[PDB]
J.: 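I have a structure here, written as structure tokens, and I will follow up with some questions on it.
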Amino acid sequence: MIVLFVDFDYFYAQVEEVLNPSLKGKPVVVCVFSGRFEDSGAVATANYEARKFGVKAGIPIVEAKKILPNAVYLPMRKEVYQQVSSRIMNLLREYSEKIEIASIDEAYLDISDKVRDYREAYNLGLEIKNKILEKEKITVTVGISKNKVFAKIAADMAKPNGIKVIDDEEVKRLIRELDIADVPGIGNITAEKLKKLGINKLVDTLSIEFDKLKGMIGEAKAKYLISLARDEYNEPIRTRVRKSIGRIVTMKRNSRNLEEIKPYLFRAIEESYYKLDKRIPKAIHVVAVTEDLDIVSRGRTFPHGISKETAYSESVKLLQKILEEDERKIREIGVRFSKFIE
DNA sequence: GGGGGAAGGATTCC
DNA sequence: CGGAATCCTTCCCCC
Ligand SMILES: Nc1nc2c(ncn2[C@H]2C[C@H](O)[C@@H](COP(=O)(O)OP(=O)(O)OP(=O)(O)O)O2)c(=O)[nH]1
Ligand SMILES: [Ca+2]
Ligand SMILES: [Ca+2]
Ligand SMILES: [Ca+2]
């Protein structure tokens, strides 16, 4: 089996450069302004000229400006990037019917019934890269291997504007030499848990009693890692379907006053329904971020679709249920809709 | 005992 | 900052 993974380079920043070439060459930082105060919010992403100095996704906008006060700061226009993304995804579909659109800037293609060796795979990769650059002026990185995981690791190793195949012999070296933290799905929590168990590489997961691994990181995660370690991980590329749509917003100032929170909540409901389109959810959750940055939620699933009117009244109750069962103030409020009636 | 859900939260990654 | 998926634990009803 042959998997080709595509990951767009510094996506949001690069789309902005495509729409405004005068930006190419200088540091470009795409941000998500939270509105709490001047420059409050975070960096969604930045082009490589900016990353050289530490400005990257996730850092506070205020820290970014300290490092690169004269860079170009742009507000995130996610809708524009989404449409550019869709077009690129359609281009990729022209290379395989078996495509898994993982996120707004990445996808997996099962090109097994399209090519036979890694040679023809690599070449197909270059053609895909050329096609995208030519058509959307977007550079991307391609990773090729036997499964989704290593295809993705391959690209990570080739970033940016690269292409990289990880063949069977290297898959074995990685299992032995790859920091397990560098394995997709293994975050800081899980990685520290694995270190304590003496597991630093995929290979190590094979020298521990399963039940011990299971008990420490969970069944799903334990089996996942063991599969990879045994060089047996093999999940098929399949069409992913959105399972929830939501919106959470940061308020002007903290509060526990219902009348002061409701408009933010409703606005979130309004935006969520617009985005819902023709989808009808049977479930609703109201989400609150306390002053101490904790995230608390209360939801409800009914036996039928939720109308906007129902969403409004129910959401009010759930918020009321949150405030009554938590002494903290609310910093951010939102709603999420799921269990669609399709 | 154990199947089948639902609710709330933990993690992870874009 | 903030959108969203998967998986985990506890709680429940029920035969
Ligand atoms: N709001 C927000 N958006 C993010 C964050 N991280 C990534 N994104 C968005 C914007 C990124 O362009 C897009 C793709 O993420 P990657 O993880 O693929 O980063 P990006 O493509 O920007 O750089 P790259 O060349 O892949 O290293 O997802 C984040 O922490 N917050
Ligand atoms: Ca990505
Ligand atoms: Ca990317
Ligand atoms: Ca990691």
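Throughout, protein chains are lettered first and strands after them, A, B, ... in sequence-line order, and every chain is numbered starting at 1. Only this structure's heavy atoms are used, side chains among them; waters, hydrogens and symmetry mates stay out.
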J.: By side-chain hydrogen bond (donor to acceptor under 3.5 Å, both in side chains), which residues pair with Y264(A), not counting sequence neighbours?
T.: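 So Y264(A) forms no side-chain hydrogen bond (donor to acceptor under 3.5 Å, both in side chains) with any residue.
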J.: Side chains of residues 95-107 of chain A: which donor-acceptor pairs under 3.5 Å do they make with residues two or more places apart or in other chains?
T.:
| from | atom 1 | to | atom 2 | distance (Å) |
| --- | --- | --- | --- | --- |
| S96(A) | OG | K98(A) | N | 3.1 |
| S96(A) | OG | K98(A) | O | 3.4 |
| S96(A) | OG | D110(A) | O | 2.9 |
| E100(A) | OE1 | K148(A) | NZ | 3.0 |
| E100(A) | OE1 | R238(A) | N | 2.9 |
| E100(A) | OE2 | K148(A) | NZ | 3.2 |
| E100(A) | OE2 | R240(A) | NE | 2.7 |
| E100(A) | OE2 | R240(A) | NH2 | 2.6 |
| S103(A) | OG | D105(A) | N | 3.4 |
| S103(A) | OG | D105(A) | OD1 | 3.2 |

J.: When we call it a touch if two heavy atoms are under 4.0 Å apart, what does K282(A) touch: a base, just sugar-phosphate, or nothing?
T.: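 Nothing: the residue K282(A), judged by heavy atoms under 4.0 Å, touches no strand.
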J.: On DNA chain C, reading 5' to 3', which nucleotide is the first and which the last to sit with an atom under 4.0 Å from a heavy atom of chain A, could you check?
T.: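 The footprint of chain A covers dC1(C) to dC8(C).
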J.: Taking only distance into account, with no hydrogens and no angle test, what donor-acceptor pairs under 3.5 Å do side-chain atoms of residues 183-200 of chain A form with protein atoms, sequence neighbours excluded?
T.:
| from | atom 1 | to | atom 2 | distance (Å) |
| --- | --- | --- | --- | --- |
| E192(A) | OE2 | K195(A) | NZ | 3.3 |
| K196(A) | NZ | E192(A) | O | 3.2 |

J.: Name the residue closer to the 5' end of DNA chain C, choosing between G215(A) and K78(A) according to the nucleotide with the nearest heavy atom.
T.: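 Per heavy-atom nearest nucleotide, the more 5' residue is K78(A).
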J.: Mind checking what makes side-chain hydrogen bond (donor to acceptor under 3.5 Å, both in side chains) contact with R119(A), not counting sequence neighbours?
T.: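 Not a single residue meets the side-chain hydrogen bond (donor to acceptor under 3.5 Å, both in side chains) criterion with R119(A).
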J.: Kindly state each residue pair satisfying salt bridge (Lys or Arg N to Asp or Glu O under 4.0 Å) with at least one member in residues 180-189 of chain A, sequence neighbours excluded.
T.: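 Output for this query is empty, none listed.
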J.: When the side chains of residues 329-342 of chain A are checked against the rest of the protein, which donor-acceptor pairs come out under 3.5 Å, sequence neighbours left out?
T.:
| from | atom 1 | to | atom 2 | distance (Å) |
| --- | --- | --- | --- | --- |
| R336(A) | NH1 | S244(A) | OG | 2.9 |
| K339(A) | NZ | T301(A) | OG1 | 3.3 |

J.: Let me know the distance between CZ of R336(A) and P of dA7(B), rounded to the nearest Å.
T.: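 Distance, rounded to whole Å: 16 Å.
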J.: Would you please classify the geometry between the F5(A) ring and the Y108(A) ring as parallel, tilted or perpendicular, with 30° and 60° separating the classes?
T.: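 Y108(A) vs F5(A) ring planes: tilted.
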J.: Heavy atoms within less than 4.0 Å of DNA chain C: which residues of residues 233-258 of chain A have one? Give them sorted by number.
T.: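 Within residues 233-258 of chain A, the residues near DNA chain C are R242(A), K243(A), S244(A), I245(A), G246(A), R247(A), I248(A), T250(A).
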J.: What string of B, S and - do you get for nucleotides 9-14 of chain B 5' to 3' if you count protein non-hydrogen atoms under 4.0 Å?
T.: S-SSSS
J.: Using atom types as modelled, flag every donor-acceptor pair under 3.5 Å from a side chain in residues 149-161 of chain A to any protein atom, sequence neighbours excluded.
T.:
| from | atom 1 | to | atom 2 | distance (Å) |
| --- | --- | --- | --- | --- |
| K159(A) | NZ | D7(A) | OD2 | 3.0 |
| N161(A) | OD1 | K129(A) | NZ | 3.0 |

J.: With sugar-phosphate meaning primed atoms plus P, OP1 and OP2, does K321(A) contact a base, only sugar-phosphate, or nothing at under 4.0 Å between heavy atoms?
T.: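 Since only primed, P, OP1 and OP2 atoms lie under 4.0 Å of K321(A), the category is sugar-phosphate.
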J.: Using the test side-chain contact (heavy atoms from CB on, under 4.5 Å), find all partners of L133(A) that sit at least two apart in sequence or belong to another chain.
T.: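 In terms of side-chain contact (heavy atoms from CB on, under 4.5 Å), with neighbours along the sequence ignored, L133(A) is linked to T139(A).
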J.: Tell me whether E271(A) is salt-bridged to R267(A), with the criterion being a basic N under 4.0 Å from an acidic carboxylate O.
T.: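 Salt bridge between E271(A) and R267(A), a charged N being under 4.0 Å from a carboxylate O: no.
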J.: Can you measure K317(A) atom NZ to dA7(B) atom P for me and round it to whole angstrom units?
T.: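 About 15 Å, once rounded to whole Å.
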J.: So which pairs with a foot in residues 43-66 of chain A pass salt bridge (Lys or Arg N to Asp or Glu O under 4.0 Å), sequence neighbours left out?
T.: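 Applying salt bridge (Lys or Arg N to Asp or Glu O under 4.0 Å) to every pair that reaches into residues 43-66 of chain A, excluding sequence neighbours, yields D39(A)-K65(A), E63(A)-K66(A).
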